[PDB]
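Read through the structure below, which is laid out as C-alpha cells, and then see the notes.
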Amino acid sequence: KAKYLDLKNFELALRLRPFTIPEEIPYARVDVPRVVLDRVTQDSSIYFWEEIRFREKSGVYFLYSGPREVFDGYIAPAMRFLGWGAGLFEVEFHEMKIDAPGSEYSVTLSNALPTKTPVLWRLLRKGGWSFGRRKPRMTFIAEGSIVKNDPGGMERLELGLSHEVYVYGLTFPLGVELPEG
Amino acid sequence: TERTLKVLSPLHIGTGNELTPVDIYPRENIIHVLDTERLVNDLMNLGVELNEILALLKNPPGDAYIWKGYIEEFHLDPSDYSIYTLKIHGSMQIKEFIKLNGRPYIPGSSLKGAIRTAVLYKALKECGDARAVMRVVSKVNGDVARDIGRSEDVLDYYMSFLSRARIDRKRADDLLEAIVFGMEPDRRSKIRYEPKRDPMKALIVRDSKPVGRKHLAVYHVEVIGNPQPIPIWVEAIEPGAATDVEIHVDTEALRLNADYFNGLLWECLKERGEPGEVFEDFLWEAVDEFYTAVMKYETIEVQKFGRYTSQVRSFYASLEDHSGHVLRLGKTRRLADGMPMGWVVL
Amino acid sequence: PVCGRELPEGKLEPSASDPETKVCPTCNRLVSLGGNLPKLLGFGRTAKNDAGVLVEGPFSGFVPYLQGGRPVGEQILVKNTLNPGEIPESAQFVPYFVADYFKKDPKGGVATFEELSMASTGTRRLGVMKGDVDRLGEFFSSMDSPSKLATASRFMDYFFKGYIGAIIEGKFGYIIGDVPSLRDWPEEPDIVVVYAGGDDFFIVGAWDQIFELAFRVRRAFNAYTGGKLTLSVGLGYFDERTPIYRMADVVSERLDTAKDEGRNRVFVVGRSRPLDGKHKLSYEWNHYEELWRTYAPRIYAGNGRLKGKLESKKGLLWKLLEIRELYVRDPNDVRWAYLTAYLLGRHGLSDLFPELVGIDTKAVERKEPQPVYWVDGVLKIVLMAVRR
Amino acid sequence: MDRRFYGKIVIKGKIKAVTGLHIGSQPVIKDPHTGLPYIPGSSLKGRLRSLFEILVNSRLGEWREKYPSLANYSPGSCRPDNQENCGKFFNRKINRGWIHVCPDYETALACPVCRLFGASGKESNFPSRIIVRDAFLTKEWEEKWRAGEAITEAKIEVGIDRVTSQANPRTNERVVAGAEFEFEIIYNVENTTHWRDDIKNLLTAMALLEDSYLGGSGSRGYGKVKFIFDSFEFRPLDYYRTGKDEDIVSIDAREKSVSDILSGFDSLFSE
Amino acid sequence: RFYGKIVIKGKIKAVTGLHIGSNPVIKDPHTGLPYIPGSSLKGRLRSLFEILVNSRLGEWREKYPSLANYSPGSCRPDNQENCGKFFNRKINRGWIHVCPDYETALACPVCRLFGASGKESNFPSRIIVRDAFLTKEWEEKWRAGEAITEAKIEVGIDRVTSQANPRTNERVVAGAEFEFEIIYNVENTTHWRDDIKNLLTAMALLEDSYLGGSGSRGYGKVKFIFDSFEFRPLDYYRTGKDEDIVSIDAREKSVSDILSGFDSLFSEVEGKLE
Amino acid sequence: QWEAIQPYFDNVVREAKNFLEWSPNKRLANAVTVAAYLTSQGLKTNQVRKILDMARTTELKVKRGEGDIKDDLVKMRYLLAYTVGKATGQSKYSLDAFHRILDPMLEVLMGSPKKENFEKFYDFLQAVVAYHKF
RNA sequence: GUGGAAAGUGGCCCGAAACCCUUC
Ligand SMILES: Nc1ncnc2c1ncn2[C@@H]1O[C@H](COP(=O)(O)OP(=O)(O)OP(=O)(O)O)[C@@H](O)[C@H]1O
C-alpha cells in the first residue's frame, strides 16, 4: 500500500530515516453506472465508465521547477483555461520547499521516458488517443522512481496528424541517497 | 345519486374529545361554548397571569359563574369569545359532536356501517341455511364445513363457535363477517377475512354536507338500569335539520371482476340475476327489513325501557309510515328526554 | 477488446464468437481451451511446432491431453492426480494440482456469470471472493531446514489447490458446523473457482453460496492449521454485466483494507462509516459469526423467507439502516438508540434488538464503536436475501 | 416509430377537495421540509389510469375499430390463468396485481389507454405522453396555515362489527374539507390527428374521477375533488424556440358538463 | 480557433424533487449529499432538443443545411446504421442522434451542440455541463440534520383483487437549489447566436417536462434561476484582473430570458465580439 | 410496579429543572426512567397526542417559520393543565407525572429562548415518547 | 498539442382493499 506520503514523511522517507505512511487518501474510485436511454423508447445498456471522486476539501496539485517568466507566459495562463462534466477546475498558485539532499541518485517525480538507464523503477504503459488516431503504448517509468545517471530523456515525436504530437517524459531531480545497487 | 337525509330522533355522533367546564358558561339555559385559546391570549395582555393564573387549571372543574363573572369583571365580552351556542334540554362535561372547522356533519363511515349491518342481517336471513352455506365453506378449506353440516343453518354454527373455548377477540369477532363477506385459506382459524373479497368496495358512501349549527344543541341522557350518577350530556342535531347525502353503487366493479368476489352476500346476490342491478335494491330493502326488525325488538322492549312513556308510543306509531329508508346511528336504556337516539330517514 | 495484450498489428483474428470483433490469437486459443476445459485430462509439454499445439510457452508448446488421446513431448502435465495411467513410458509424468471446481451447465461446459447469478436466492447479484493467508511471509522465515520449508509449503498449497474442491462439494461438515447459512447447501453449488493457489484464492459465483463459502473456507482453514494461522477474505457483489477488471479491483481494495485494519478480518459488504479511525470497515470472524449467531435466527428463517414475526412487515429492517445513517453522520449524537426503540415499539417487536435500544457504556469505555454500527452487516445480507 | 412532439397543452388544476382526503405514507404524506398536505402526482396519475382503463374495459365493445390495437383483447381478467399474457385486457404481473400494458410499441401506439399512460416490458416501453405534476398546497392555504386555523385535522374510525363492540379504533389524519391543491397537468401533443381524441379521451377519466374518489378510503367518503380548471392553455414549439410572451389560452369559466368547449378546443389551433 | 467559454451559472430548484437513480437511491458521491450529475442534465437536455428537431426537421431545412437528408423516423424498423430516417447509433438497445461525420456535424443543430463520434468523426460537444452540487444554503441546512432525501412509496394497485405492493423510491426533497452551471465553447462565432438560443430552448423544454428518473407522475419540475451570464473571450486567460461581461441576475425567468431580454444581453457581448 | 426511585428521578428532573445547558446523555439517561415511571402508571398515548402536535407544529415554526415560539408556547403550557383538569380518577392520579416536568421546564424556557435552546427541550419531548412502548 | 470523441440509471406502476367512536 505504499502509494503516497506526507512531506514531513517525504523529506525523511528518503535520506534513510523511518518515515510513517498516511491513510487519509482522497480517493473515491467509484463505479458510477452511467447512461441508459433511447430517444424514443427504453434502453438497458448499463455501460459503466467509472471515474475518480474526491473528498470535501482536497484537490490535485503539481509542481514547477522553472523560471517564473516561462511559467507565467505559457503554463500559468493555461492552468485557468481548463476550467460530461469532469473538468472541474479552480487554480490557486503556491510555493513549496523540499529538503532534498545530495544529487548522486534521486527521484524523477514524473512519468518518465528515460535514456536507456534503468535503476529500480516501476514500468508503465500509457495509451492516449490525442486527436483521433490511437497513440502507441510508449513504455514509461511510473510516478517517482530513480534515474539520475544524468537524465534528460527527450520528448518523443509521434505520427498520425498534420502537426506532430510529441509526448512528455523528461524529468527533474530531487535528493536521495540510496543504500546499494 | 343525491339523496336527502331527514332527522327523526335526537342524533349523537361524537369523537371523545369532549367539551370541558372550562369551555361552558350556562346562562339563561343557553350554553355559549367558549374558545379558551383566544381567551387566554387576550387575558394575559391587559390582564394578569401571576406566572400561573391562566395555567392554574388543575383547580377542580365546574363553577363557570365565577370563571367568567370575575375574570370578566365587566372587562371581557359575554360571548364574543364563544364559537357557537347551543340549546339546553334538561354544570358538567359535554360530549362534543364530530365537527369540521366548527360545523357538524354526518360522517359517511357511520352511514356505511349502519347500512352494512342491515346487509349482514338480510344476508344471514334470506340465505342462512346449510344448503347454501356449506356449498361455499367447502370450497374454502371445508373442515369448518363438516362442522357446519351437523346443523341446518350457520346461525347455530356461530352460536357454537362463540360458545366454544379459547375465545379471544381478534379471531372470534371477524369470523361471521368473513363467512358472509368473503375469506381466504389461512392457518389461523382455517379461514381468514381477507377484506378485499368484499363487494362493499362497490358501495360508495360520501360524507354528508355540513349540517347547520343552529339546529345543534345539547341533550340530557337518562340510562335507567342502575342507580349510578348519570349527569351526562351529548351534543346533538335537532330533529328537523334535513341534510343531504351522496351515496351510490359501482356496478362497474362487480360487473367486471365477478369471479374473485365471493362470500355469502355475493352468493345471496348472484341469485337475483345480474349483481349490478339488484345490489342497490338489496341494500335498500336490507335497510327496510332491519330497521323494522329493530322496531320489532323495540315494540316489546317498551316495558324494558323502564319508562313506559307516551313519546315512545307516538314515535313507534310514526316509525312505519315513511316514504324513504329509516336508519339508526347508534340494560338497554340510552334515551334522550325519553326519545330514542339516532333515528333518521333517507 | 478481450485481452489487454493490447499491441498486436493486424495479426489479430476474429473468431469463436460473433466474428466482427477482431481478437488476439492468445484469446483465440484460450476460449478453445475453455471449451475443452471440462473434458481436459492434462497437457503435454512438447516443442512449439508440433501437431495439436494449443498454447505456447517461453520454451515449449502444449498439447491438450483429452480423454482419449496420447500426446508426448517427453513431459506430461497431468491434472489433479498421481496415477499416470494411460500415458506411455517415454515421457516424464509431471503432476500438478489445480482447484478445478465449477458448475457445469446443461451441456457440461463452464457456466458464465449470467448463467450463475440466476441461482441467487434473493437479488440478482454476482458474488466475488478474494482471500489471502495472513502473515505467511513471516511464517517461512521461521523454518530452519529445506525439509521444514518443503513440508510447510506443500501442506499449505494442498489446501488452496486440493482441499477447496472438497469444501465446495459439501465435505468437511463434521468440523465446519454453523456458518452463516443463507440457504441449503446444495449438491452442485453455483460456485466457480477462478484461481486458487499458493496462499490466495479467488472464487466467483452466486452470492448466496459465495457468502457461505467464505465462512466454510475460514473455519475449515482454522481447523486445518490448528488456529496458528488465519486468512483474510474480501467479498463483493456486482451486477452480472460488470467488467471483471472492476470486479477484481474492488475486492483487491477490499482485501487490502481488511488486511490493513486488523490483518485477520473479512470484508462482508461495503458499509458507510465516519472518519475518525475508530470505525473499522472489516469484521473479525469471531465477531461476525457471533453476530450471525445472534441476530440472524431471531429475524431470518431459512431459504429466502423472513421470520414469521416480521412476515408482512418486511419494511421494518429497511428502517434500521435509515436509523443507522444518523449514527454514521455523527458518532457523538444519541438519537439512534432512541429512534430504534421508536421504530420497534410501533410494531411490537420489543425483544429483537436489545443491543440497539440502550446505548452501551461498555463500548464507549474503551473507545469501541456502538452496537448499532456492527449490526447492519448482518442486516443487508438478509435484506439481499429476501428482496422479492 | 416516432415520438415527434409539438404541443404540451397544460391545465392548471386547482383540485379543491371537499369532504376529506386521506393519502397515506410512512398519516398524510409530506416527506419534504415544509410539513403540509400534498397530492403526489402518481396518486393522481394512477387513479386516473385505473379508472380510465376500467371505462375502456366495458366500452371496448363499440370503439373496437377506432384504436384498432385494442381489438387484440377480451373484456375479461387474467386472474385465473396466471400467465403474463393471455389475450385479455389485463396483463403485466407487477408483483401480484395486474395492469394494462401493451408489450409492443405499435400495439401501444394505438391503444386508447396505453397511448396516454405509457407502456413497459420487453423492448417496447412507450413514453406516457402525459405529465402529472405533484399537487402542492396552494399559497392561500399556506398563508392560512401560518396564521393557525390548522390543516390536516385528525379523525378516528372504529371497527364496530356485528359482535360485542369492543371496537379497536384507528386514527386516520385526513386533510380538511376544502384544500386548494394548486394542481398542474401536462399532456404531450404528437401528430395532431392523434390529438383531439386524446384530451377529450383524458378529461372523461377525470370526469369519472370527479364522480369517483382519489386518495385512500374513498368508499366511506374522502373524495369529491372538483377539478376547477384554471388555464386550459397550450404552449407550441413556435415559442419554446422563440419566446415572445405569447400563448393560446382557453377559458376556465366553471367546468365542462360534457365537453362544452369542444368547439373552443380548435379556436386558434392547427397543431 | 477559440473565442469561447461562456459561463451560465445558476441555481436549479427541484420543485417536486429529483430521482436521478443508481431500493433505488440517488447519486451520492463521498459526503452523503445528493447531486445532479452533469451527464443527466446534458442527456435530458439533448433528448428534448433532439425530439424538437425531429418534429421540426422538414421546415428549417435551409438554416442548418446538413439536417435535410433525414425525413423523420427511427431506424428501429430497418435495423441498420446510416439509414436516412433521423438517427441510427445502435448502442446496445437504443437509437440516438449522432451525425457520422465531422463535415456534416458542423451544421446539424443538435449534433453540433453536443458532438459526434463513431468512426472517423470525432466532434467535440462544444459544451461542458458541470454537475450541480447543492449550494451553501442547503449544505448548512444538511449539517443539523434536515433529511435531505425523502423515502417515497408507490404501489401497483390491481383491479380484480385491489392488492398492492411496495415500490419505494427515495427521491430528493422537494425544494433544493443545486448550484447549476453550464460552460460553453464559442468556436465559430457565426453559429453562436442560434446556438445559445438553442441551448436556452432546450432548457426551456425543461420546467415543463421531467428531469431525473421516474417523471411524468411528479419527480421532475425543475426551475433554472440562472444568475450570471459571463464571457471569457481571449483576455480572461492571458490576464484576468478585469474585462469580462457580467449580466443581470436576480429574477431572470428562462421563458422570458430567451429573447425578451436576450438581445439586450446579446449586444453587450457584441461589444467584444472578437 | 412503581418504586420511589422513579418519582425521585422525576424529582431530579423537577428540582434539577435546568437541563438546557447540560450534557446530551443527561437527557437520555433520565428520559428512560421518566418514561419508565410514566409507563409504570397507565398513560395511554391518545391524550398525550394533543401535546405532541403542538410540539411538532412549533418545531416547524422553528424550522424557518418565525424567530421563536412567543405566544404559541402558552397553549403548549395551557393544554397540559387542561388535560390535568380533564383527567379523572384513573388518569389525574397518573397523568400529573407527565405534567410535573413540562411546566417547570417551560417556565424559564418561556424566556423567549433560541431555536437551538428549545431544540434541546424538543429532543427531550420526543425522548419521553418512545419508551411508553419501551 | 488531454487512455479521446458523441452516451438522461430510463420506461410502466392510486399507499390501496375493508372498519358505524360506539357499546355497556
Ligand atoms: N503455498 C506457498 N508456498 C510457499 N510460499 C508461498 C506460498 N504462498 C505464498 N507464498 C509466499 O508468500 C509471499 C507473499 O505472500 P504474502 O504477501 O501473502 O505473505 P504475508 O506474510 O501474508 O504478507 P501480507 O500479510 O502482507 O499478505 C510470496 O513471496 C510467496 O513466496
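We label chains A, B, ... in the order they appear in the C-alpha cells, count residues from 1 in each chain, and number ligands from 1 in the order shown.
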
* Check: which chain D residues lie within 10 Å of chain F using only C-alpha atoms, as an MDAnalysis selection string -> chainID D and resid 33:35 146 148 150 171

* Select the residues contacting ligand 1 at a distance of at most 8 Å, based on only C-alpha atoms (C1' of nucleotides) and all ligand atoms, then format the selection as a ChimeraX atom specification. => /C:132-140,149,152-158,160,197-200,259,263

Write to file, as an mmCIF file, in the first residue's frame, the residues of the selection just made, with N, CA, C and O atoms.
data_model
loop_
_atom_site.group_PDB
_atom_site.id
_atom_site.type_symbol
_atom_site.label_atom_id
_atom_site.label_comp_id
_atom_site.auth_asym_id
_atom_site.auth_seq_id
_atom_site.Cartn_x
_atom_site.Cartn_y
_atom_site.Cartn_z
ATOM 1 N N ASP C 132 -6.510 -14.425 1.207
ATOM 2 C CA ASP C 132 -5.074 -14.465 1.452
ATOM 3 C C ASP C 132 -4.848 -15.130 2.796
ATOM 4 O O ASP C 132 -5.666 -14.994 3.701
ATOM 5 N N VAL C 133 -3.751 -15.854 2.915
ATOM 6 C CA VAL C 133 -3.303 -16.328 4.216
ATOM 7 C C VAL C 133 -2.516 -15.214 4.887
ATOM 8 O O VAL C 133 -1.776 -14.478 4.231
ATOM 9 N N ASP C 134 -2.677 -15.079 6.197
ATOM 10 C CA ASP C 134 -2.226 -13.906 6.923
ATOM 11 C C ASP C 134 -0.873 -14.158 7.568
ATOM 12 O O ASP C 134 -0.695 -15.167 8.258
ATOM 13 N N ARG C 135 0.057 -13.218 7.356
ATOM 14 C CA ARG C 135 1.417 -13.250 7.906
ATOM 15 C C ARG C 135 2.143 -14.537 7.530
ATOM 16 O O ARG C 135 2.774 -15.189 8.362
ATOM 17 N N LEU C 136 2.037 -14.910 6.261
ATOM 18 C CA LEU C 136 2.675 -16.131 5.798
ATOM 19 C C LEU C 136 4.130 -15.919 5.427
ATOM 20 O O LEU C 136 4.924 -16.862 5.518
ATOM 21 N N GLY C 137 4.494 -14.708 5.002
ATOM 22 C CA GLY C 137 5.890 -14.420 4.730
ATOM 23 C C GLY C 137 6.750 -14.475 5.971
ATOM 24 O O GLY C 137 7.909 -14.892 5.911
ATOM 25 N N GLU C 138 6.194 -14.079 7.114
ATOM 26 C CA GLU C 138 6.892 -14.266 8.375
ATOM 27 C C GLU C 138 6.891 -15.722 8.811
ATOM 28 O O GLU C 138 7.758 -16.126 9.589
ATOM 29 N N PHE C 139 5.945 -16.521 8.319
ATOM 30 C CA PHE C 139 5.896 -17.922 8.704
ATOM 31 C C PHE C 139 6.987 -18.744 8.037
ATOM 32 O O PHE C 139 7.372 -19.789 8.569
ATOM 33 N N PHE C 140 7.508 -18.296 6.897
ATOM 34 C CA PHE C 140 8.554 -19.021 6.193
ATOM 35 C C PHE C 140 9.928 -18.414 6.406
ATOM 36 O O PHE C 140 10.889 -18.837 5.760
ATOM 37 N N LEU C 149 10.782 -26.261 5.173
ATOM 38 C CA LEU C 149 10.211 -25.384 4.161
ATOM 39 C C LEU C 149 9.394 -26.173 3.155
ATOM 40 O O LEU C 149 8.310 -25.736 2.754
ATOM 41 N N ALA C 152 6.145 -27.255 4.981
ATOM 42 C CA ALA C 152 5.301 -26.112 5.283
ATOM 43 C C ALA C 152 4.796 -25.415 4.036
ATOM 44 O O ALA C 152 3.841 -24.641 4.124
ATOM 45 N N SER C 153 5.413 -25.653 2.888
ATOM 46 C CA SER C 153 4.845 -25.105 1.670
ATOM 47 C C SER C 153 3.880 -26.072 1.016
ATOM 48 O O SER C 153 2.842 -25.646 0.504
ATOM 49 N N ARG C 154 4.200 -27.367 1.028
ATOM 50 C CA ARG C 154 3.346 -28.330 0.350
ATOM 51 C C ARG C 154 2.033 -28.524 1.092
ATOM 52 O O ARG C 154 0.978 -28.654 0.462
ATOM 53 N N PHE C 155 2.065 -28.502 2.426
ATOM 54 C CA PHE C 155 0.824 -28.649 3.174
ATOM 55 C C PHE C 155 -0.046 -27.415 3.051
ATOM 56 O O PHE C 155 -1.275 -27.519 3.091
ATOM 57 N N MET C 156 0.569 -26.248 2.905
ATOM 58 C CA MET C 156 -0.204 -25.037 2.685
ATOM 59 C C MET C 156 -0.823 -25.042 1.299
ATOM 60 O O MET C 156 -2.015 -24.758 1.141
ATOM 61 N N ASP C 157 -0.036 -25.396 0.284
ATOM 62 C CA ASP C 157 -0.517 -25.366 -1.091
ATOM 63 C C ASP C 157 -1.561 -26.442 -1.361
ATOM 64 O O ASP C 157 -2.415 -26.271 -2.240
ATOM 65 N N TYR C 158 -1.521 -27.544 -0.612
ATOM 66 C CA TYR C 158 -2.519 -28.581 -0.816
ATOM 67 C C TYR C 158 -3.893 -28.135 -0.359
ATOM 68 O O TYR C 158 -4.894 -28.621 -0.888
ATOM 69 N N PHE C 160 -5.092 -24.859 -0.708
ATOM 70 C CA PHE C 160 -5.643 -23.990 -1.728
ATOM 71 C C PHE C 160 -5.515 -24.555 -3.129
ATOM 72 O O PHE C 160 -5.736 -23.819 -4.090
ATOM 73 N N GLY C 197 -4.458 -20.867 -5.399
ATOM 74 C CA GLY C 197 -3.133 -21.448 -5.463
ATOM 75 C C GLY C 197 -2.090 -20.703 -4.667
ATOM 76 O O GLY C 197 -2.159 -19.481 -4.539
ATOM 77 N N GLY C 198 -1.108 -21.425 -4.146
ATOM 78 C CA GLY C 198 -0.157 -20.812 -3.250
ATOM 79 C C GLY C 198 -0.805 -20.550 -1.913
ATOM 80 O O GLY C 198 -1.065 -21.480 -1.147
ATOM 81 N N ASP C 199 -1.075 -19.286 -1.621
ATOM 82 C CA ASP C 199 -1.845 -18.915 -0.447
ATOM 83 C C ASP C 199 -3.245 -18.438 -0.781
ATOM 84 O O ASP C 199 -4.201 -18.848 -0.127
ATOM 85 N N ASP C 200 -3.391 -17.605 -1.801
ATOM 86 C CA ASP C 200 -4.647 -16.924 -2.043
ATOM 87 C C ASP C 200 -5.604 -17.785 -2.855
ATOM 88 O O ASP C 200 -5.265 -18.863 -3.355
ATOM 89 N N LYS C 259 -6.966 -6.136 5.187
ATOM 90 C CA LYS C 259 -5.617 -6.542 5.533
ATOM 91 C C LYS C 259 -4.974 -5.522 6.452
ATOM 92 O O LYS C 259 -4.307 -5.881 7.427
ATOM 93 N N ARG C 263 -5.744 -7.426 10.017
ATOM 94 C CA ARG C 263 -4.951 -8.489 9.400
ATOM 95 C C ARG C 263 -5.645 -9.855 9.387
ATOM 96 O O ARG C 263 -5.279 -10.713 8.588
#

* Asked: Within 8 Å of chain A, which residues of chain D show up when using only C-alpha atoms, listed as a ChimeraX atom specification?
  -> /D:1-3,123-127

* To do: Run DSSP on the backbone and give me the residues of segment 41-271 of chain E it puts in helix (DSSP H, G or I), as number ranges by chain.
  => E: 41-55, 57-60, 104-106, 111-113, 136-143, 192-205, 235-238, 254-257, 263-271

* Residues of chain E within 7 Å of chain G, counting only C-alpha atoms (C1' of nucleotides), as a ChimeraX atom specification -> /E:21-22,40-41,43-44,98,115-117,122-124,153-157,162-164,212-213

Store the residues picked out above, limited to N, CA and C atoms, as a CSV table (one decimal), in the first residue's frame.
chain,number,residue,atom,x,y,z
E,21,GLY,N,-31.4,8.1,-10.4
E,21,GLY,CA,-31.1,6.9,-9.6
E,21,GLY,C,-29.7,6.3,-9.8
E,22,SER,N,-29.5,5.2,-9.2
E,22,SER,CA,-28.3,4.5,-9.3
E,22,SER,C,-28.5,3.0,-9.0
E,40,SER,N,-26.6,13.6,-16.7
E,40,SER,CA,-28.0,13.5,-16.8
E,40,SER,C,-28.6,14.8,-17.3
E,41,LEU,N,-28.1,15.9,-16.9
E,41,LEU,CA,-28.6,17.2,-17.3
E,41,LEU,C,-28.3,17.4,-18.8
E,43,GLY,N,-27.9,15.0,-20.9
E,43,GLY,CA,-28.6,13.9,-21.7
E,43,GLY,C,-30.1,14.3,-21.9
E,44,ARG,N,-30.8,14.6,-20.8
E,44,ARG,CA,-32.2,15.1,-20.9
E,44,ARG,C,-32.3,16.3,-21.8
E,98,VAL,N,-26.5,10.9,-33.7
E,98,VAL,CA,-25.1,11.4,-33.9
E,98,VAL,C,-24.8,11.4,-35.4
E,115,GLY,N,-22.1,17.2,-30.0
E,115,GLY,CA,-20.9,16.4,-30.5
E,115,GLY,C,-21.3,15.2,-31.3
E,116,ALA,N,-20.2,14.6,-31.8
E,116,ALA,CA,-20.4,13.4,-32.7
E,116,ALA,C,-19.2,12.5,-32.6
E,117,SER,N,-19.5,11.2,-32.6
E,117,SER,CA,-18.4,10.2,-32.7
E,117,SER,C,-18.9,9.0,-33.4
E,122,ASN,N,-15.4,12.3,-34.7
E,122,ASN,CA,-14.8,13.0,-33.5
E,122,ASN,C,-15.2,14.4,-33.5
E,123,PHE,N,-16.5,14.7,-33.2
E,123,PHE,CA,-16.8,16.1,-33.0
E,123,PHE,C,-16.9,16.4,-31.5
E,124,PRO,N,-16.2,17.4,-31.0
E,124,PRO,CA,-16.3,17.7,-29.6
E,124,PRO,C,-17.6,18.4,-29.3
E,153,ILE,N,-43.1,6.1,-1.2
E,153,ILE,CA,-43.5,4.8,-1.6
E,153,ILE,C,-44.7,4.9,-2.5
E,154,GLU,N,-44.6,4.1,-3.6
E,154,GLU,CA,-45.8,4.0,-4.5
E,154,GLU,C,-46.2,2.5,-4.5
E,155,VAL,N,-47.3,2.2,-5.2
E,155,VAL,CA,-47.9,0.9,-5.3
E,155,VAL,C,-48.4,0.6,-6.7
E,156,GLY,N,-48.4,-0.6,-7.1
E,156,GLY,CA,-49.1,-1.1,-8.3
E,156,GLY,C,-50.5,-1.7,-8.0
E,157,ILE,N,-51.5,-0.8,-7.8
E,157,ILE,CA,-52.8,-1.3,-7.4
E,157,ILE,C,-53.5,-2.1,-8.5
E,162,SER,N,-57.6,-5.8,-6.1
E,162,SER,CA,-57.2,-4.5,-5.5
E,162,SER,C,-56.1,-4.6,-4.5
E,163,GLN,N,-55.1,-5.5,-4.8
E,163,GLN,CA,-53.9,-5.7,-3.9
E,163,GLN,C,-52.9,-4.6,-4.3
E,164,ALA,N,-51.8,-4.5,-3.5
E,164,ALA,CA,-50.8,-3.5,-3.7
E,164,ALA,C,-49.4,-4.1,-3.3
E,212,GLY,N,-34.7,13.7,-14.4
E,212,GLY,CA,-34.4,12.8,-13.2
E,212,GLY,C,-35.3,11.7,-13.0
E,213,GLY,N,-35.2,10.6,-13.8
E,213,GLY,CA,-35.8,9.4,-13.4
E,213,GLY,C,-37.3,9.3,-13.6

* Residues at most 10 Å from segment 72-82 of chain A, counting only C-alpha atoms (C1' of nucleotides), excluding those fewer than 6 positions away in the same chain, as a ChimeraX atom specification? -> /A:64,88-93 /E:5,232,234-240

Could you produce a table of the residues of chain B lying within 7 Å of chain D, with the nearest pair of atoms per residue and their separation in Å rounded to one decimal, using only C-alpha atoms, ordered by chain and increasing residue number, as a tab-separated table?
residue	atom	partner	partner_atom	distance
B:108	CA	D:220	CA	5.2
B:109	CA	D:220	CA	4.8
B:112	CA	D:220	CA	6.7
B:117	CA	D:162	CA	6.8
B:173	CA	D:163	CA	6.0
B:201	CA	D:219	CA	6.1
B:203	CA	D:219	CA	6.4
B:204	CA	D:219	CA	4.5
B:205	CA	D:220	CA	5.0
B:206	CA	D:221	CA	3.9
B:207	CA	D:221	CA	5.0

* Restrict the distance test to only C-alpha atoms, flag each residue of chain C within 9 Å of chain E, and return the flagged residues as a VMD selection string. => chain C and resid 315 326 329
